Amino acid sequence: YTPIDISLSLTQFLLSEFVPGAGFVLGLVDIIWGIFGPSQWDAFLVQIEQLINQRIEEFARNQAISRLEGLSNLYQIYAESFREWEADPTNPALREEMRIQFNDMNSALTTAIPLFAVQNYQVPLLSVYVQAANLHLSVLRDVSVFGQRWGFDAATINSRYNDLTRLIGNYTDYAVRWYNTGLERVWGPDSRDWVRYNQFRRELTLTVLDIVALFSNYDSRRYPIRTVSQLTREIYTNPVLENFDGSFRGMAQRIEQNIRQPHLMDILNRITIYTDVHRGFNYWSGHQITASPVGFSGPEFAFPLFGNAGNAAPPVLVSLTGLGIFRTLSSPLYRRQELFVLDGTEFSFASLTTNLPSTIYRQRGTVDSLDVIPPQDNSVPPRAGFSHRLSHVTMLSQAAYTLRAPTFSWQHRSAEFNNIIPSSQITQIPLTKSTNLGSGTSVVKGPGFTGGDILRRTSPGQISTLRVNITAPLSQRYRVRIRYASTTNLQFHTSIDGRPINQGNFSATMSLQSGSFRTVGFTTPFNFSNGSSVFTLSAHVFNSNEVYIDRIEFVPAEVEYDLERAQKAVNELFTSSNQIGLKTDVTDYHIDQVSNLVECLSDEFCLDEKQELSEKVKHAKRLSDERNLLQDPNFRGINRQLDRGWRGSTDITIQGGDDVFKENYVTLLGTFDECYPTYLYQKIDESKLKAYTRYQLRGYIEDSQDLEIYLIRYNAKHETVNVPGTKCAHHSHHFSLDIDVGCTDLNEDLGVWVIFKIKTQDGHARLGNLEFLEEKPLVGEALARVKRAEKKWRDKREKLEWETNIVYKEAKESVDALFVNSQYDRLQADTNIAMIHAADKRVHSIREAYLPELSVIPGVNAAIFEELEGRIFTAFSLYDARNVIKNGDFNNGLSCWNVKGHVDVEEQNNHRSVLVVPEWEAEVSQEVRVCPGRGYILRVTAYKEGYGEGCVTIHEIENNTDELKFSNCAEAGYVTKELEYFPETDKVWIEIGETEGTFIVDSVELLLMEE
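Residues 33 to 368, 378 to 441, 445 to 555, 560 to 592, 594 to 608, 613 to 779, 819 to 1063, 1141 to 1180 in the authors' numbering are what the sequence shown spells out, letter by letter.
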């Protein structure tokens, strides 16, 4: 009945029945409180005092105690009330009485704990502090459960729930600082100062830390029902050294490494103990240990030979029988070349049913490990209640006297052999109960508040794997939680026997402390599909750079949580509860995605809650048609009306559904000639524009390349968008473009132009969920810039107008010089092709006939350009009529001519087509039928290149031979020469030859004269 026997006694009870209610509260009056006289408080103290020497002074010491007696009286008045409450939970006086006695109790500890964390005596009050602190957490959870049942408003409940989630941290971190700085100062070099060191570690690990580990279990709201956590940590004994009158100098660290290092928890299989001898006395020299992984789920382990084997006598065999070895009765031996060895050690195997036969090594002893490691329960004989069982034993040898002092590891019986999953509890698996460590994971040492060591990943992959045994429930469904501490963003995939069953985005938590390890859960449950399964955790999102993992939690769930999401989703679509309007920055796409969250819900369960949540969103979506200034944004009527709406190219496709799109979308193809792009343009009319207001064009691109996007009004506003599908790529998927409406005239209806355009051989795009919307009022600078870009558009409109007013009336003049009447019917006899051609330069100078960006879109001075370019074509038609010669323009290639050498033909600017004789040996004859004895003209239009002359002769069967010639004279722009010709027969041959170089001919015409 030392403070340890009783510490355990609590932990036993703490590990098992954690469930809230009266059961827990009176269970605290049964164990420690309402039973501890000041004697057993004083004794709690004398425990640590005498490990560290330093005594508490007889005031603080004297008032720590007189307080505790107080708290132990109060807690009677609180628990008694609570008991009587539970029996009649609705009596007003009792419920009231309960609020009185909670406030009193809460304020009790709030004042008291300072007196147990006193400066310059922190460490020796911890076995008290912990009890006090541990009591403070119980009563705070009690309000968190029973508050509004008692009376308090829900506000004082959360405020008390704050301070619960707070003091679980603060009471822990403090309980660890002072264990550390408590253990650090009791170190030293010799044998002794490992013994007093280990005796601190051991004892206070039992009497402060193991309670602290279970502080996490107090978060009412995280652990609502039963939960059973496991204490995986080990502790340490050495019979030889602990029971000895002597120190070996500077030897402590050598004993500190014979302690195994942070590892996975194994299960000892067999010891094989070798004997040896010195001066008659045989002894335990060294041993050979084997061990099997957790749940026997992997090949048995194997260490080297501890100590030295011996041939002096046979070995001795020790094999796992029951629940393990719970008690060593060892017998040292000290020959004061002196000797200090074990020479005999009984082992005994635990059970809750029968009394199994003990194995003795050489003899039974009188060093009981039940007064270093005492049991939990003394209602039963020690075959049960044992608390601990032998973990793994090592062997301490002297340097190169004889020393062979085995150091025994003891592990707690909360850390069970098998993993387990029952259904009326929440089962916590600390990841040290694995069977197979994933490559690139280490097992770092414990922080000191999770009864055991923890895992570390410092780069992506597989944490560990656990064998799972699923008990009472067959088809029960569970969520999973992961207690982790990470400096980086994460994901946490798991598998189960083969298939993944989770991916989650887990947040970062750090830069170590009890404010490190966060524990989030799945957003959908699963069910195990076999009795014995395999679970495997994995941290995947890249970065390194430091990830700790404490435990996997298996919490169960019944079959409405992604309904609270589909609720708030729909609400942030609006500006206010009246739901008249949308937020300016909620978008036609964004809205759809919310609408997908609504239908993927549950017909089965939340049928009514699904209906309203959709008739909202189908309404919110209706608002984003109403505000949308794009005419026909569902691409349902393209190229139907020449005034309003969309205009695109044939190479555009309008499917309605895609992996990515939930309504009509538009694919645009490439093009072979950049002078002819894919396009999809539109004019937002001025009827729909509000002066001095920024407007926005928006949408969503699945994939694209070479997509040009224009917003035009006063300027062009050109952006390219190269989005690859999920360095400088616009992989934003979204797009937005600004334009600012200065003034608002309706007589001009300038408006805004939208234009999508692709110009490349291997370009493409897919877009949809488009919109054009008012954004905000221009103000400050924006208003100054737009107004500058008003005037400076207007300064151009007028210089266009005056410049063009001249040019029409200069071009019209020049055009009619060709024709002979207002009716454009006949030409003039002395008008040639160079005049027609010179007249097209006067028309093609009009300028701004068409939009430079996209010649498709007609511009100002379209109708006037188009009519002059008409009469130019009109003129061309007549020149062909009058010409008796057949295809003299060379507009139909070299056809109806008789071609000899290597000639060819090419076209020029403005409806010109020009024969080219590129070598003198080339000829180009044509017969023409003429009228015997009339007046014909022959008119030729050509220039010459190189040396030599090129000559266009005319003759009949007999010698009526005339000739025209062109040369540069010496040694773009066509000379035109004519002559008057009269044939007496009806046939006449027009023949084109040249001397040398090249001869370029626009036209050989031949006229008849009627005057």
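All C-beta atoms, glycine included, are put in the ideal place defined by N, C-alpha and C.
Under the three-state reduction of DSSP, which class applies to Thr1053: helix, strand or coil? coil
N-terminal and C-terminal residue of the alpha helix (DSSP H) that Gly496 is part of: Neither: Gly496 is in no alpha helix (DSSP H) and is coded neither H nor E.
Enumerate in chain order the residues of its own chain whose CB-to-CB distance from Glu1050 is below 8 angstroms, with the five nearest sequence positions on each side excluded. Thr1154
Can you look up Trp699 in the DSSP assignment and give me helix, strand or coil? strand
Taking DSSP as the reference, what is the three-state secondary structure of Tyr402? coil
Secondary structure, beta strand (DSSP E): runs of 3+ residues fully inside the region 250-297: 266-269
So, helix, strand or coil for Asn990, using DSSP? strand
Residue from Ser468, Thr479, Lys477 and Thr502 with nearest C-alpha to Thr515: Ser468
For a quick check, are the C-beta atoms of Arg265 and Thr239 less than 8 angstroms apart? no
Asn301 - DSSP class collapsed to helix/strand/coil: strand
Neighbour-count burial assignment, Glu1163, 16 or more Cβ in a 10 Å radius: Under this definition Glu1163 is a buried residue.
Nearest neighbour of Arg1021, chosen from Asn975, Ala1034 and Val997 [CA to CA]: For the residues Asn975, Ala1034 and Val997, the minimum Cα distance to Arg1021 belongs to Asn975.
Looking at the strands, I want to know which residues DSSP matches up with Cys1043. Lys1057 and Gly1162
Secondary structure at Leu760, three-state DSSP: helix, strand or coil? strand
Proximal residues to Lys669 (C-beta, below 6 angstroms), its chain only, five neighbours per side dropped: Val623
Given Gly330, which residues of its chain have a CB within under 7 angstroms of its CB, disregarding the five upstream and five downstream residues? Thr479 and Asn480.
Quick check on DSSP: helix, strand or coil for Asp854? coil
Go ahead and pull the three-state DSSP assignment for residue 377. Between 368 and 378 in the chain the model has nothing, and residue 377 is one of the residues in that span.
Return yes when the Cβ of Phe1058 is within less than 8 angstroms of the Cβ of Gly1042, no when it is not. yes
Under the three-state DSSP convention, the category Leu654 falls into: coil
Report yes if the CB atom of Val1016 is closer than 8 angstroms to the CB atom of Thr1167, and no otherwise. No, the Cβ-Cβ distance between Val1016 and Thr1167 is not below 8 angstroms.
Compare the Cα-Cα distances from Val434 to each of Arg368, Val512, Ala874 and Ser317 and report the closest residue. Cα-wise, what sits closest to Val434 is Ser317.
May I ask you to verify whether the region 711-720 touches the region 873-882, counting CB pairs closer than 8 angstroms and requiring at least 3? no
If I measure Cβ to Cβ from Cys659 and keep anything under 7 angstroms in the same chain, skipping five residues before and after, which residues do I get? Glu613 and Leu616
Counting pairs of beta carbons, one from the region 992-1007 and one from the region 924-941, are three or more of them closer than 8 angstroms? yes
So for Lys477, helix, strand or coil by DSSP? coil
Quick one: grab the DSSP three-state call for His936. coil
Tell me the rounded alpha-carbon separation between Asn990 and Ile898. 47 angstroms
Taking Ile737 and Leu682 to be in contact with their CB atoms under 8 angstroms, please state how far apart those CB atoms are, rounded to whole angstroms. 5 angstroms
Closest by CA to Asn396, which one among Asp384, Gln293 and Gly356? In this structure, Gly356 is the residue among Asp384, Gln293 and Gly356 with its C-alpha nearest to the C-alpha of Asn396.
Check the C-beta distance from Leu393 over to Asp384 and give it rounded, since I have them as a contact under 8 angstroms. At roughly 33 angstroms, the Cβ-Cβ gap does not stay under 8 angstroms, so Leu393 and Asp384 are not in contact.
Can you give the Cα-Cα distance for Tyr748 and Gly834, rounded to whole angstroms? 11 angstroms
Within 10 angstroms of its Cβ, does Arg87 collect 16 or more other Cβ (buried), or is it exposed? exposed
Continuous beta strand (DSSP E) stretch holding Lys1036: start and end: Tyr1028 to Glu1037
Could you pull out every unbroken beta strand (DSSP E) segment of at least 3 residues lying fully inside the region 912-988, listed in chain order? Complete beta strand (DSSP E) runs here, min 3: 983-986.
Between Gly214, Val421, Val350 and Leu437, which has its C-alpha nearest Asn340's C-alpha? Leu437
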